[PDB]
Every structure is written in structure tokens, then in C-alpha cells.
Amino acid sequence: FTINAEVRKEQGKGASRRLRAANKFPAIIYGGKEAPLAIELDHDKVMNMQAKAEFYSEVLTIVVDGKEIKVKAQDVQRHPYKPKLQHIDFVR
Amino acid sequence: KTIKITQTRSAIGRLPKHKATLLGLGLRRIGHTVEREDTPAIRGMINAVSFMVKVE
Amino acid sequence: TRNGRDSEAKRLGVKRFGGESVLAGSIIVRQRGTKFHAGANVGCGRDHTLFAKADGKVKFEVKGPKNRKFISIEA
Amino acid sequence: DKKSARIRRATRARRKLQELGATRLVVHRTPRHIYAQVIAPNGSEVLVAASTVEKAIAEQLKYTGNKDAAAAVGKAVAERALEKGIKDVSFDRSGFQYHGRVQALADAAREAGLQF
Amino acid sequence: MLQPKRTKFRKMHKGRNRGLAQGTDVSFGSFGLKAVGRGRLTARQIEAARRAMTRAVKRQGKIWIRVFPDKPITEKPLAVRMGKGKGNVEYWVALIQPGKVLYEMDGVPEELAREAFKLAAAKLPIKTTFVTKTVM
RNA sequence: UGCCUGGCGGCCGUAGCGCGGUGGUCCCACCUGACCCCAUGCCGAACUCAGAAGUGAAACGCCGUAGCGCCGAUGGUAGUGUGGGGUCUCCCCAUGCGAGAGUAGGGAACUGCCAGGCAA
RNA sequence: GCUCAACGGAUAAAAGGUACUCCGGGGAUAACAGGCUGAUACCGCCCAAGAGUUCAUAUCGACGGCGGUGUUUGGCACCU
RNA sequence: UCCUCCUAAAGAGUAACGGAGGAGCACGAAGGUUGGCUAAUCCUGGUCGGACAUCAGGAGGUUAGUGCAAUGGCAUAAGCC
RNA sequence: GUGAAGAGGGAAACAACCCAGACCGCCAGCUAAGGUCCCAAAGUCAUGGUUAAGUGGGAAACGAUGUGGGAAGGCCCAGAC
Ligand SMILES: [Mg+2]
Ligand SMILES: [Mg+2]
Ligand SMILES: [Mg+2]
Ligand SMILES: [Mg+2]
Ligand SMILES: [Mg+2]
Ligand SMILES: [Mg+2]
Ligand SMILES: [Mg+2]
Ligand SMILES: [Mg+2]
Ligand SMILES: [Mg+2]
Ligand SMILES: [Mg+2]
Ligand SMILES: [Mg+2]
Ligand SMILES: [Mg+2]
Ligand SMILES: [Mg+2]
Ligand SMILES: [Mg+2]
Ligand SMILES: [Mg+2]
Ligand SMILES: [Mg+2]
Ligand SMILES: [Mg+2]
Ligand SMILES: [Mg+2]
Ligand SMILES: [Mg+2]
Ligand SMILES: [Mg+2]
Ligand SMILES: [Mg+2]
Ligand SMILES: [Mg+2]
Ligand SMILES: [Mg+2]
Ligand SMILES: [Mg+2]
Ligand SMILES: [Mg+2]
Ligand SMILES: [Mg+2]
Ligand SMILES: [Mg+2]
Ligand SMILES: [Mg+2]
Ligand SMILES: [Mg+2]
Ligand SMILES: [Mg+2]
Ligand SMILES: [Mg+2]
Ligand SMILES: [Mg+2]
Ligand SMILES: [Mg+2]
Ligand SMILES: [Mg+2]
Ligand SMILES: [Mg+2]
Ligand SMILES: [Mg+2]
Ligand SMILES: [Mg+2]
Ligand SMILES: [Mg+2]
Ligand SMILES: [Mg+2]
Ligand SMILES: [Mg+2]
Ligand SMILES: [Mg+2]
Ligand SMILES: [Mg+2]
Ligand SMILES: [Mg+2]
Ligand SMILES: [Mg+2]
Ligand SMILES: [Mg+2]
Ligand SMILES: [Mg+2]
Ligand SMILES: [Mg+2]
Ligand SMILES: [Mg+2]
Ligand SMILES: [Mg+2]
Ligand SMILES: [Mg+2]
Ligand SMILES: [Mg+2]
Ligand SMILES: [Mg+2]
Ligand SMILES: [Mg+2]
Ligand SMILES: [Mg+2]
Ligand SMILES: [Mg+2]
Ligand SMILES: [Mg+2]
Ligand SMILES: [Mg+2]
Ligand SMILES: [Mg+2]
Ligand SMILES: [Mg+2]
Ligand SMILES: [Mg+2]
Ligand SMILES: [Mg+2]
Ligand SMILES: [Mg+2]
Ligand SMILES: [Mg+2]
Ligand SMILES: [Mg+2]
Ligand SMILES: [Mg+2]
Ligand SMILES: [Mg+2]
Ligand SMILES: [Mg+2]
Ligand SMILES: [Mg+2]
Ligand SMILES: [Mg+2]
Ligand SMILES: [Mg+2]
Ligand SMILES: [Mg+2]
Ligand SMILES: [Mg+2]
Ligand SMILES: [Mg+2]
Ligand SMILES: [Mg+2]
Ligand SMILES: [Mg+2]
Ligand SMILES: [Mg+2]
Ligand SMILES: [Mg+2]
Ligand SMILES: [Mg+2]
Ligand SMILES: [Mg+2]
Ligand SMILES: [Mg+2]
Ligand SMILES: [Mg+2]
Ligand SMILES: [Mg+2]
Ligand SMILES: [Mg+2]
Ligand SMILES: [Mg+2]
Ligand SMILES: [Mg+2]
Ligand SMILES: [Mg+2]
Ligand SMILES: [Mg+2]
Ligand SMILES: [Mg+2]
Ligand SMILES: [Mg+2]
Ligand SMILES: [Mg+2]
Ligand SMILES: [Mg+2]
Ligand SMILES: [Mg+2]
Ligand SMILES: [Mg+2]
Ligand SMILES: [Mg+2]
Ligand SMILES: [Mg+2]
Ligand SMILES: [Mg+2]
Ligand SMILES: [Mg+2]
Ligand SMILES: [Mg+2]
Ligand SMILES: [Mg+2]
Ligand SMILES: [Mg+2]
Ligand SMILES: [Mg+2]
Ligand SMILES: [Mg+2]
Ligand SMILES: [Mg+2]
Ligand SMILES: [Mg+2]
Ligand SMILES: [Mg+2]
Ligand SMILES: [Mg+2]
Ligand SMILES: [Mg+2]
Ligand SMILES: [Mg+2]
Ligand SMILES: [Mg+2]
Ligand SMILES: [Mg+2]
Ligand SMILES: [Mg+2]
Ligand SMILES: [Mg+2]
Ligand SMILES: [Mg+2]
Ligand SMILES: [Mg+2]
Ligand SMILES: [Mg+2]
Ligand SMILES: [Mg+2]
Ligand SMILES: [Mg+2]
């Protein structure tokens, strides 16, 4: 339950779809007094991660720029019919 | 500082606003290197018809 | 067909929009019921037609307990 | 509740009178005491105000809450109003039926010199 | 055969079946038949696909129908010219966007579920897929 | 300066509901009374007048609490202007705009003039 | 003083027949044939509740679904 | 012929033998204005009296009402007195 | 928007589709759409893969150890298929 994840720079409809069509998908980390952090990450890992029931309950430590952030998956966006994730909301 | 605009497409099957915009830039025919003063407006005019004009 | 009827259209709406300079007596809004209400220097005729009562610029406001749209004029 | 029924009973006068943009003389009546205040056409700031709660007027009278007291306030308000420079005003009865104390106040306000 | 018990208006416009579906997640049951394709399911098709499910799984189990028609389709009779009024309402349809869960099932095995949804999926015009209720 | 009332606004739910309170020296309320003013399509209930034995019950004001309502990012999604494209009932791509719903969270309004009482 | 309601009101005042017909025009508009389309018709296929002494798929195939053809009934009025 | 809604693509306008309804009036009070008022529908108790007539309190708060369709509008009430 | 009222190049031929608006001449050059082995002007161009069906060069439900990529999930030296 540890995943490496890049920081987002471009964000919108154009960037997100370009990203999604590149084996990755956008997510976001937020919570506490700190500012939110938009987080690009790989699809094929997190797709295999969600099969386990612990994923939507236990604490995940997401690795960003060296720093490991402790979070829980609050909300999630499935792709309408294809078995694949669009977006995840990581509450801190 | 001025900017050199060039028309790179025909203004035939275009919208009346795009027919106007080229008349506002002063572009008449394809391959017309017209130079204008760089302002927030002219860049907007270029942005309106970016598909058919090229900037230098 | 059983139906195939309709009335002639009434041309109702905001004739003078917010910020526009209007002369004393100019119709600002033709409408049915008081959707917009009469504010400062604006009247309201038998037809609920809001009209300017003074030469000035039209101002749309959203005030009151029930949060209604009011039309005022300021010189 | 009574108050709320009196507020809405008054509102038509207030909302009509603020539209015209006139200086209103509000008169709040009470079983014990009567109040009166001349309010600017904007509605926020007060120019003149008097009541039977004021000791200056209360010290003189027998009982604070009757026709003879209402006249003493109605005189007092209109006496100040003319010194400030006010003369042409309106009378907002404030959801109180124009008959007794408020009438005695109004008639005293007329007889004092205030023009309405 | 499913149909609205009384409506406001008899005949409705054609419209345009566009966008993605809303009833996407498997809410009630454990399994579900999700619509991959775009289309419109008639009142007959739903009953026919329900009968194919209910008979496969026998008396046991529990089935939901997330889709309902509430859209009347008109049809003009044979040997009739154009115009002279909107046609008469013949059948009722539910418009199905991609992602829409059609049927949901509970109280059966995963092995025997898929086979029951194949038999229904065969009856329907729209291309479908199996979906399981994931916890959040 | 402050703490308590009333009057009239500004602002209209972060401001409203419920629940739990607590306040009477003035202020407010009920309360007292019914020749007089006035009132009831019956009724001093209401409206009205003349009062000061009572209480803070109700109503009102103030403090406390998220059970609701209410406000609400960031990110994504839908939609869509313009030029393209496709397998063209429907989509997609470049670029511009960008929701609604939900989520973290916020959240028992904030003030204006004026009057009165009390600690000064 | 007017359902001048054919409601910008031709007159105060007006219905029919023609296969005995005629003139001016129209493929601006039908009947035949062609065309475009394929609801219908025809012809295939997809799933399998059942029949068949037992046994879905020898032979049928309900409920539904997807195509082809231009052969029927049609629609449209693009040619004449 | 006239009115209302949608079709009508967030100003106006916009067709079809497209989709649904109305009008050819009513009123010296149903106008004026002044001064008041607040509804539906339930709950429980009460003579005849019962689901429902009239009464009392409590609940909800505009589901009401608007001389007539439909629309927009109204507690400052355009509502009912 | 185009034709109507617009020729010219392309889409085999093809008023409305893509490119583009003919004042006249020249046996000049650069480009648009679209193209470049031969009919017929120009790449038998360069590199990396896919395709074996003549797909390209008409079509659906559904059917299939076709064939490429991937990302995972079931077992070994106690020797699984
Ligand atoms: Mg942004
Ligand atoms: Mg885009
Ligand atoms: Mg926090
Ligand atoms: Mg040039
Ligand atoms: Mg030039
Ligand atoms: Mg209309
Ligand atoms: Mg119309
Ligand atoms: Mg000017
Ligand atoms: Mg008038
Ligand atoms: Mg029913
Ligand atoms: Mg639409
Ligand atoms: Mg929807
Ligand atoms: Mg929903
Ligand atoms: Mg007919
Ligand atoms: Mg309450
Ligand atoms: Mg309260
Ligand atoms: Mg005490
Ligand atoms: Mg009393
Ligand atoms: Mg005492
Ligand atoms: Mg006392
Ligand atoms: Mg109390
Ligand atoms: Mg409070
Ligand atoms: Mg909190
Ligand atoms: Mg706010
Ligand atoms: Mg909200
Ligand atoms: Mg808001
Ligand atoms: Mg926002
Ligand atoms: Mg921000
Ligand atoms: Mg956003
Ligand atoms: Mg678009
Ligand atoms: Mg486009
Ligand atoms: Mg292109
Ligand atoms: Mg915004
Ligand atoms: Mg928002
Ligand atoms: Mg929200
Ligand atoms: Mg919701
Ligand atoms: Mg929440
Ligand atoms: Mg915070
Ligand atoms: Mg919290
Ligand atoms: Mg609160
Ligand atoms: Mg509270
Ligand atoms: Mg507070
Ligand atoms: Mg707090
Ligand atoms: Mg606030
Ligand atoms: Mg406060
Ligand atoms: Mg006449
Ligand atoms: Mg006529
Ligand atoms: Mg006639
Ligand atoms: Mg006519
Ligand atoms: Mg006409
Ligand atoms: Mg005529
Ligand atoms: Mg003949
Ligand atoms: Mg003849
Ligand atoms: Mg003859
Ligand atoms: Mg002839
Ligand atoms: Mg014609
Ligand atoms: Mg024939
Ligand atoms: Mg024919
Ligand atoms: Mg053909
Ligand atoms: Mg054909
Ligand atoms: Mg066919
Ligand atoms: Mg077959
Ligand atoms: Mg078969
Ligand atoms: Mg067979
Ligand atoms: Mg075939
Ligand atoms: Mg033929
Ligand atoms: Mg023809
Ligand atoms: Mg035609
Ligand atoms: Mg010909
Ligand atoms: Mg007409
Ligand atoms: Mg609408
Ligand atoms: Mg419209
Ligand atoms: Mg419109
Ligand atoms: Mg529009
Ligand atoms: Mg016009
Ligand atoms: Mg038209
Ligand atoms: Mg029409
Ligand atoms: Mg009629
Ligand atoms: Mg009379
Ligand atoms: Mg009356
Ligand atoms: Mg009247
Ligand atoms: Mg009187
Ligand atoms: Mg009144
Ligand atoms: Mg109503
Ligand atoms: Mg209504
Ligand atoms: Mg009446
Ligand atoms: Mg012509
Ligand atoms: Mg041409
Ligand atoms: Mg040509
Ligand atoms: Mg050619
Ligand atoms: Mg061709
Ligand atoms: Mg052609
Ligand atoms: Mg050609
Ligand atoms: Mg092109
Ligand atoms: Mg040109
Ligand atoms: Mg030209
Ligand atoms: Mg030219
Ligand atoms: Mg030449
Ligand atoms: Mg050159
Ligand atoms: Mg060259
Ligand atoms: Mg090309
Ligand atoms: Mg080629
Ligand atoms: Mg050749
Ligand atoms: Mg050639
Ligand atoms: Mg060659
Ligand atoms: Mg060679
Ligand atoms: Mg080579
Ligand atoms: Mg190769
Ligand atoms: Mg192919
Ligand atoms: Mg083929
Ligand atoms: Mg297949
Ligand atoms: Mg297979
Ligand atoms: Mg292979
Ligand atoms: Mg393979
Ligand atoms: Mg491989
Ligand atoms: Mg790879
Ligand atoms: Mg591998």
C-alpha cells in the first residue's frame, strides 16, 4: 500500500484526457490546515490495488517528491462502462 | 513593438465574424504580410482567427 | 388534427438592459407578473410594465427579504 | 404573536413612504410610555427623537401612557423639529390605529407648528 | 408489460438519446447488467429479458429492474400519408445511455449469475456487460 | 468606555428551525380593570381608553449546543465557442470557457443611527 | 345598427352537373413505369422456456434480438 | 379571428393538416379608497351529528385563493373582510 | 456556408462536399486541398511496427486456441500441466 505519484502542472479537460490516454489518471490529496495537492499517478497499479477490500478503509502512504503523505481514499470516479478509474479523492 | 501577421487560408467558407475580423486586421488576400501594433485587442483578433493567420 | 391553434406573440422582455441610459418614460421591462419590481425612479403600470420615471441609467438589483429582483434608476 | 402581525400591518405605509423619499415621523406606542422620532428619508439615521421614557418629559407628567402625555411628547418632538430646520414631514402611525394617543400626538405635533 | 399508470401527456417528442448514463453504480443487489452500448429498450424486451433471468435462477434469488419505459413511441399505420397529425402511441421505451445499470441481482452464486445475465443479454438490442457491487 | 432594553434601518438562511437555558431596578410583556375615546358581523379575545396589586409562566431578548436547514473550495466529470477528424442516430482531437451534483471543511450572522437604565 | 366568425371585411343579394365538352397552362400536382427509402412483405441468422417414451439444438422452435433483398403493401413527388 | 403553454436552440421573433387547453364575456360592487384580517388538510374532545355542516384547542404553513383556460404574479397582500 | 448568380484543382465521372474567388497576356517561380510504381505531373523516399484476409477496395447481432502488443493472476527441483 505505497504508490509513487507525480505533481500535476497542467489541469483541466485537455490535460486530464491527454493524461488518461497515457496509462495514468489524475487524483487529488487534501485535508487539514494545508493546501490541496493535485497528483498525477499510474493507472495499472491503482487498478490492481482497488481489488483488495483494505484499499477503501486502511491508510495509504502516497510518495510525492520524496515525501510520503498518509491518506484514505474518500471518493472515487469510475469510468461509466469500461473497467477503469477516472479520478480519486484522497482525504488526509 | 509591432507584430507581423500573415493570412495563410482563404476567407470563403467562413463565418461573418471571421470575415469581419480579417477586415479589422486589414488582411485582404492569402499571403498578405500585414504588421500591426501589439495590444491586448489585436492579439484577441489574432486569437479569433488563429486557424487562418500566422504570427512572426 | 384535433388542435393546431396558437396566439400571436407578445414581445415581452427586458427592453433596456442594465447600465443603459434611458429617457424619462422609457419602458424598461414588458412582462406579465412582477418578476422584476419597481425600485427608485421606476414605475409599474396596469400591465405590470416597468418604466423609467427619470432620465438616468438602469440598475438591476437583487434585494429584499424574499430576494426579489428590483429595477432602479440612478442619475 | 401580536408584534409580527403589527409589523406587516404597518409595512405597506413604510414601503410606500420610503419610495416617495419623505421624512417620516415614527410613533411607537406602548401600554406604559409613548415614543416618537423623525427619521431621515434614507431611513437609517435619526434627526429628532423624543418619548415619555425621557426624564426631561417624564418628570413633568402625572402618568407616562395617556392622551395628556402623548400631547406632551407630540409637542416636544415638533418643538425640536423646527429648531433643527425640519417642517415638511410625513406621519407613520406604524400599525397603530389612528384614534387615541397617536391622534393626540399627531394633533399636538400639528398644533406645535410641524407642517403635515 | 411495463407501462406508466397514467401520465400528464399522451404523446412525447422524439428527442435525442445523448450523453452518459446516471444509474451507473450497482446499488441494491450484488451483481448487475450494465449497458455498454447506446440505445432504447422497449417494454416487451425488458419483460422478455426478465423472464429469461428469473427462469434461469429459478425461485431463489432477488432481481431488480433499474430501467423503466415512461417514454411513449408513436407509430403511423400502414398505407398512410405524411402529416394529418402525430401518430398513435404503440409501445413504450426506456432510453439507455452507456453506463446504465439495467438489471441487478442478489442471493445467487457468481458462477450461476453470469449465465443468467447472458440469457437476458441475448434478448436485448444493446451490448451489455457484467458488473459487481464494489464497496465505495 | 463598556454592559443591558426599546425605535428605526443596512444585509436577506454562515443570518433560519429545534433543543437546553438563564433576565425583570428601568425597558417589554402579559396583567390589572371597562362611565369616558373607541371596539365586536357574538365576545373589552381583538382594537381602544383609565391604571399599577402581581409575575417573567406564555411571548420576547440574551448565552450554549450541529439534530436539521444553510454556505462550500481544490481536483475530476458533464456540457459547450472556434478550426479539424472519425468507425457519423453518436463521438473524438487542438485551443478557449467550464458546470450541477457530491467532498474536505465552514456554520448558532455581521453591523448603522438614536433613546433609556446601570459599572464608570 | 353586422357570428361582414372564409373574422384586413370582393356584391345589399348566389347552389349544383358535364362521360357531350372546350381553351389556356403544369411534370409547380396525381393515376402507369423509373428513382430515393425499406415501416410492411420476403428471405436468412442470434439466445433456448418447452415438445420429442428419457434427451433444448433429428425436426419444430415461444418470449425477444440482428441482418439481407428490392419480390409485396406503402411513403416521398426527383424524370416524363 | 382572438388568448395561454411547449415546439422556440437562456433577449425579441420563428413554421407544419406539430403537441395540450381556453375566449366571442362577467360585475353599480366583483370599481374606488380607507381600516382590518389569513389560508388548505388533518389531529383530539364535544348534543342530535355520522367521514364531512357548526364549536374549541393543537398541527401545517400557501398544498389555498384569485368571476372563467393556461401562463407569469401577489402576505406591503393583487387574497378574503 | 455553398449553389442559385462562380469558373479553376481534388473527391473516377459528380450545381450544393474539400481546396480556392477568373481584369488581360507570358513556353517563369512558391504553395492549398489532394497527391507522388504504370494509365498521368511528382518518393518503387527514410525509419519502427501491424496485416496474410487481396483486408485495404460496402454491413449487424453473435460466433472462433487467427494474430500482435501489454497489465495482472494460478505451480515446480518436495519434479505441476
Ligand atoms: Mg480553474
Ligand atoms: Mg475539448
Ligand atoms: Mg481538517
Ligand atoms: Mg506577402
Ligand atoms: Mg502584401
Ligand atoms: Mg406565446
Ligand atoms: Mg408562434
Ligand atoms: Mg450615445
Ligand atoms: Mg397606472
Ligand atoms: Mg404503476
Ligand atoms: Mg435538446
Ligand atoms: Mg439526467
Ligand atoms: Mg443521482
Ligand atoms: Mg385526420
Ligand atoms: Mg413552529
Ligand atoms: Mg422563534
Ligand atoms: Mg428577581
Ligand atoms: Mg387586557
Ligand atoms: Mg414589583
Ligand atoms: Mg413590576
Ligand atoms: Mg419564559
Ligand atoms: Mg438568538
Ligand atoms: Mg464541525
Ligand atoms: Mg452566502
Ligand atoms: Mg448547496
Ligand atoms: Mg445562495
Ligand atoms: Mg467554482
Ligand atoms: Mg483556489
Ligand atoms: Mg472545478
Ligand atoms: Mg461542441
Ligand atoms: Mg466543430
Ligand atoms: Mg485537416
Ligand atoms: Mg465559475
Ligand atoms: Mg460549485
Ligand atoms: Mg454543492
Ligand atoms: Mg443529492
Ligand atoms: Mg456531509
Ligand atoms: Mg479550514
Ligand atoms: Mg469536523
Ligand atoms: Mg444557526
Ligand atoms: Mg440556535
Ligand atoms: Mg448569538
Ligand atoms: Mg463555534
Ligand atoms: Mg455572514
Ligand atoms: Mg446577535
Ligand atoms: Mg357592430
Ligand atoms: Mg375572405
Ligand atoms: Mg363566409
Ligand atoms: Mg383573411
Ligand atoms: Mg390577422
Ligand atoms: Mg376578401
Ligand atoms: Mg373524359
Ligand atoms: Mg371532359
Ligand atoms: Mg364546347
Ligand atoms: Mg387542353
Ligand atoms: Mg407548388
Ligand atoms: Mg401501382
Ligand atoms: Mg411511382
Ligand atoms: Mg439504390
Ligand atoms: Mg433503394
Ligand atoms: Mg431493411
Ligand atoms: Mg435461425
Ligand atoms: Mg438460432
Ligand atoms: Mg435453428
Ligand atoms: Mg445477411
Ligand atoms: Mg424495382
Ligand atoms: Mg416532380
Ligand atoms: Mg418539395
Ligand atoms: Mg432526365
Ligand atoms: Mg393570423
Ligand atoms: Mg421550457
Ligand atoms: Mg422560447
Ligand atoms: Mg425566446
Ligand atoms: Mg436564442
Ligand atoms: Mg416583427
Ligand atoms: Mg418561417
Ligand atoms: Mg405554428
Ligand atoms: Mg374552440
Ligand atoms: Mg351605490
Ligand atoms: Mg366589497
Ligand atoms: Mg373594491
Ligand atoms: Mg375613519
Ligand atoms: Mg387594504
Ligand atoms: Mg395554488
Ligand atoms: Mg398559477
Ligand atoms: Mg367582498
Ligand atoms: Mg433562377
Ligand atoms: Mg464550382
Ligand atoms: Mg469546378
Ligand atoms: Mg477531374
Ligand atoms: Mg466518388
Ligand atoms: Mg453527386
Ligand atoms: Mg470535375
Ligand atoms: Mg481541409
Ligand atoms: Mg477573396
Ligand atoms: Mg470575393
Ligand atoms: Mg482576388
Ligand atoms: Mg491571364
Ligand atoms: Mg520562393
Ligand atoms: Mg515546389
Ligand atoms: Mg493529403
Ligand atoms: Mg492513396
Ligand atoms: Mg487515366
Ligand atoms: Mg487525370
Ligand atoms: Mg510519373
Ligand atoms: Mg527499384
Ligand atoms: Mg525502399
Ligand atoms: Mg514489418
Ligand atoms: Mg478495414
Ligand atoms: Mg465487405
Ligand atoms: Mg466477437
Ligand atoms: Mg472465443
Ligand atoms: Mg497471439
Ligand atoms: Mg492475444
Ligand atoms: Mg506476447
Ligand atoms: Mg507497455
Ligand atoms: Mg508480462
# chains A, B, ... in the order shown; residues from 1 in each chain; ligands from 1
$ interface_residues --of "chain G" --to "chain E" --cutoff "10 Å" --atoms "only C-alpha atoms (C1' of nucleotides)" --output "PDB file with C-alpha atoms (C1' of nucleotides), in the first residue's frame"
ATOM      1  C1'   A G  39     -42.418   0.864 -41.784  1.00  0.00           C
ATOM      2  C1'   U G  40     -44.775  -3.612 -44.272  1.00  0.00           C
ATOM      3  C1'   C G  46     -28.758 -14.817 -32.731  1.00  0.00           C
ATOM      4  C1'   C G  47     -30.457 -16.638 -27.313  1.00  0.00           C
ATOM      5  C1'   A G  48     -33.070 -21.587 -25.647  1.00  0.00           C
ATOM      6  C1'   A G  49     -38.688 -21.838 -21.876  1.00  0.00           C
ATOM      7  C1'   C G  63     -40.536 -14.730 -25.474  1.00  0.00           C
ATOM      8  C1'   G G  64     -37.205 -11.396 -27.538  1.00  0.00           C
ATOM      9  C1'   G G  65     -32.859  -9.688 -30.782  1.00  0.00           C
ATOM     10  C1'   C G  66     -29.694  -8.645 -35.635  1.00  0.00           C
ATOM     11  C1'   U G  73     -48.409  -3.289 -49.450  1.00  0.00           C
ATOM     12  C1'   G G  74     -46.658   1.583 -48.700  1.00  0.00           C
ATOM     13  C1'   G G  75     -44.195   6.628 -48.100  1.00  0.00           C
ATOM     14  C1'   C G  76     -41.789  10.700 -50.850  1.00  0.00           C
TER      15        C G  76
END
$ residues_near_ligand --ligand "ligand 97" --cutoff "9 Å" --atoms "only C-alpha atoms (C1' of nucleotides) and all ligand atoms" --output "PDB file with C-alpha atoms (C1' of nucleotides), in the first residue's frame"
ATOM      1  CA  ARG B  28      -7.290  41.125 -47.880  1.00  0.00           C
ATOM      2  CA  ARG B  29      -5.911  38.032 -49.638  1.00  0.00           C
TER       3      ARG B  29
ATOM      4  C1'   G I  21     -12.917  33.642 -55.586  1.00  0.00           C
ATOM      5  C1'   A I  22     -11.082  34.160 -63.350  1.00  0.00           C
TER       6        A I  22
END
$ residues_around --residues "range 28-43 of chain A" --least-positions-apart "4" --cutoff "8 Å" --atoms "only C-alpha atoms (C1' of nucleotides)" --output "list in words"
residues 4, 5, 6, 7, 8, 23, 24, 47, 71, 85, 88, 89, 90, 91 and 92 of chain A; 74, 75 and 104 of chain F
$ atom_distance --atom1 "CA of residue 32 in chain E" --atom2 "CA of residue 57 in chain E"
14.1 Å
$ residues_near_ligand --ligand "ligand 49" --cutoff "8 Å" --atoms "only C-alpha atoms (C1' of nucleotides) and all ligand atoms" --output "list in words"
residues 6, 7 and 8 of chain G
$ residues_near_ligand --ligand "ligand 98" --cutoff "12 Å" --atoms "only C-alpha atoms (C1' of nucleotides) and all ligand atoms" --output "JSON, numbers by chain"
{"I": [22, 23, 24, 25, 26]}
$ residues_around --residues "residue 68 in chain H" --least-positions-apart "6" --cutoff "9 Å" --atoms "only C-alpha atoms (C1' of nucleotides)" --output "list in words"
residues 22, 25 and 26 of chain H
$ residues_near_ligand --ligand "ligand 69" --cutoff "12 Å" --atoms "only C-alpha atoms (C1' of nucleotides) and all ligand atoms" --output "list in words"
residues 27, 34, 35, 78, 79 and 80 of chain G
$ residues_around --residues "residue 70 in chain H" --least-positions-apart "6" --cutoff "10 Å" --atoms "only C-alpha atoms (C1' of nucleotides)" --output "PyMOL selection string"
chain H and resi 3-5+20-22
$ select_by_dssp --residues "range 11-47 of chain D" --states "strand (DSSP E)" --output "ChimeraX atom specification"
/D:24-26,35-39,46-47
$ residues_around --residues "residue 7 in chain B" --least-positions-apart "6" --cutoff "8 Å" --atoms "only C-alpha atoms (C1' of nucleotides)" --output "tab-separated table (two decimals) with C-alpha atoms, in the first residue's frame"
chain	number	residue	atom	x	y	z
B	27	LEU	CA	-5.89	41.25	-44.33
B	29	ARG	CA	-5.91	38.03	-49.64
B	30	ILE	CA	-3.99	34.90	-48.65
B	31	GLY	CA	-0.26	35.68	-48.35
B	32	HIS	CA	-0.61	39.26	-47.08
B	33	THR	CA	2.08	40.13	-44.51
B	52	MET	CA	-6.09	31.06	-40.75
B	53	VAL	CA	-3.32	33.53	-39.71
B	54	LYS	CA	0.36	33.20	-38.78
$ closest_residue --among "C:12, C:42, C:67, C:1" --to "ligand 72" --atoms "only C-alpha atoms and all ligand atoms"
C:12
$ residues_near_ligand --ligand "ligand 10" --cutoff "9 Å" --atoms "only C-alpha atoms (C1' of nucleotides) and all ligand atoms" --output "ChimeraX atom specification"
/E:2-6
$ residues_near_ligand --ligand "ligand 50" --cutoff "12 Å" --atoms "only C-alpha atoms (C1' of nucleotides) and all ligand atoms" --output "PyMOL selection string"
(chain C and resi 7-8) or (chain G and resi 7-9) or (chain H and resi 1-2)
$ write_last_selection --atoms "N, CA and C atoms (P, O5', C5', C4', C3', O3' and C1' of nucleotides)" --output "PDB file, in the first residue's frame"
ATOM      1  N   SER C   7     -51.755  31.709 -30.198  1.00  0.00           N
ATOM      2  CA  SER C   7     -51.900  33.164 -30.157  1.00  0.00           C
ATOM      3  C   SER C   7     -50.708  33.848 -30.816  1.00  0.00           C
ATOM      4  N   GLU C   8     -50.889  35.124 -31.155  1.00  0.00           N
ATOM      5  CA  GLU C   8     -49.794  35.968 -31.630  1.00  0.00           C
ATOM      6  C   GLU C   8     -48.876  36.306 -30.457  1.00  0.00           C
TER       7      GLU C   8
ATOM      8  P     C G   7     -60.802  34.873 -42.879  1.00  0.00           P
ATOM      9  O5'   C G   7     -61.563  35.690 -41.741  1.00  0.00           O
ATOM     10  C5'   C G   7     -62.165  36.976 -42.000  1.00  0.00           C
ATOM     11  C4'   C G   7     -62.394  37.737 -40.712  1.00  0.00           C
ATOM     12  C3'   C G   7     -61.212  37.830 -39.759  1.00  0.00           C
ATOM     13  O3'   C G   7     -60.402  38.947 -40.100  1.00  0.00           O
ATOM     14  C1'   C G   7     -63.183  37.260 -38.559  1.00  0.00           C
ATOM     15  P     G G   8     -58.989  38.740 -40.816  1.00  0.00           P
ATOM     16  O5'   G G   8     -58.896  39.990 -41.799  1.00  0.00           O
ATOM     17  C5'   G G   8     -60.060  40.687 -42.278  1.00  0.00           C
ATOM     18  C4'   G G   8     -59.655  41.713 -43.312  1.00  0.00           C
ATOM     19  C3'   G G   8     -58.716  41.236 -44.418  1.00  0.00           C
ATOM     20  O3'   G G   8     -59.358  40.770 -45.608  1.00  0.00           O
ATOM     21  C1'   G G   8     -57.860  43.222 -43.429  1.00  0.00           C
ATOM     22  P     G G   9     -60.364  39.521 -45.579  1.00  0.00           P
ATOM     23  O5'   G G   9     -61.729  40.195 -45.114  1.00  0.00           O
ATOM     24  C5'   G G   9     -62.910  39.421 -44.837  1.00  0.00           C
ATOM     25  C4'   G G   9     -64.126  40.317 -44.846  1.00  0.00           C
ATOM     26  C3'   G G   9     -64.374  41.101 -46.126  1.00  0.00           C
ATOM     27  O3'   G G   9     -65.201  40.312 -46.975  1.00  0.00           O
ATOM     28  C1'   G G   9     -64.478  42.562 -44.251  1.00  0.00           C
TER      29        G G   9
ATOM     30  P     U H   1     -57.001  32.887 -39.051  1.00  0.00           P
ATOM     31  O5'   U H   1     -57.823  33.920 -38.158  1.00  0.00           O
ATOM     32  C5'   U H   1     -57.919  35.311 -38.518  1.00  0.00           C
ATOM     33  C4'   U H   1     -58.631  36.100 -37.443  1.00  0.00           C
ATOM     34  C3'   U H   1     -57.975  36.128 -36.072  1.00  0.00           C
ATOM     35  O3'   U H   1     -56.865  37.022 -36.004  1.00  0.00           O
ATOM     36  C1'   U H   1     -60.280  35.710 -35.810  1.00  0.00           C
ATOM     37  P     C H   2     -55.576  36.658 -35.107  1.00  0.00           P
ATOM     38  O5'   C H   2     -56.114  36.810 -33.615  1.00  0.00           O
ATOM     39  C5'   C H   2     -56.585  38.079 -33.122  1.00  0.00           C
ATOM     40  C4'   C H   2     -57.149  37.951 -31.723  1.00  0.00           C
ATOM     41  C3'   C H   2     -56.300  37.215 -30.700  1.00  0.00           C
ATOM     42  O3'   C H   2     -55.211  37.978 -30.193  1.00  0.00           O
ATOM     43  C1'   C H   2     -58.511  36.445 -30.538  1.00  0.00           C
TER      44        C H   2
END
$ residues_near_ligand --ligand "ligand 76" --cutoff "12 Å" --atoms "only C-alpha atoms (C1' of nucleotides) and all ligand atoms" --output "ChimeraX atom specification"
/H:8,13-16
$ residues_around --residues "residue 49 in chain C" --least-positions-apart "2" --cutoff "8 Å" --atoms "only C-alpha atoms (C1' of nucleotides)" --output "list in words"
residues 27, 28, 29, 30, 31, 32, 43, 44, 45, 46, 47 and 51 of chain C
